[PDB]
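As structure tokens, one chain now follows by itself in the form deposited in one PDB entry.
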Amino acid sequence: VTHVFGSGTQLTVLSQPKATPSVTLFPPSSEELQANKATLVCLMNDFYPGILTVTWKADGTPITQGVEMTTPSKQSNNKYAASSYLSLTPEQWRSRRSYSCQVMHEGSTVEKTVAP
């Protein structure tokens, strides 16, 4: 019995103000391109609750591979942040007229777009 930890209890502090995530989309960096490499990054921060989904699009068409996303983590300001990225070849990045990052957060939807 002694020193054994009981299963815990998760506490959630209710009535916290909700915040739609700010979405900042970044195109492949110059250093990246000069090394024949390309990565798109969709940064989402200051949102609460910390639950959301992202859909990447190429020319308006949803994607289904090369997509990853860091786990939402609570920041000092008590709101969350996270980022999703899409790895492409330099030829893929220049083959399309546009790429999009569509973030859905509790009945809100915000989509940003970038182009070569």
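C-alpha atoms forming the largest set that superposes within 1.5 Å between two forms make up the rigid core. Counting begins at 1, following the sequence as shown. Only residues modelled in both forms are compared.
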Tell me which stretch has the larger mean Cα B-factor in this entry, 16 to 24 or 89 to 97. 89 to 97
Which of 38 to 46 and 66 to 74 has higher mean CA B factor, as the PDB entry lists it: 66 to 74
Split into thirds by Cα B-factor across the chain's modelled residues, where does residue 29 land: lowest, middle or highest? middle
Pull the Cα B-factor of residue 109 out of the PDB entry and bin it into the chain's lowest, middle or highest third. lowest
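As for the form deposited in another entry, it is not shown, yet the points below apply to it.
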Okay, core lined up, where does the chain shift between the shown form and the other one, counting runs of 3 or more residues with each Cα at least 2 Å away? 1 to 15
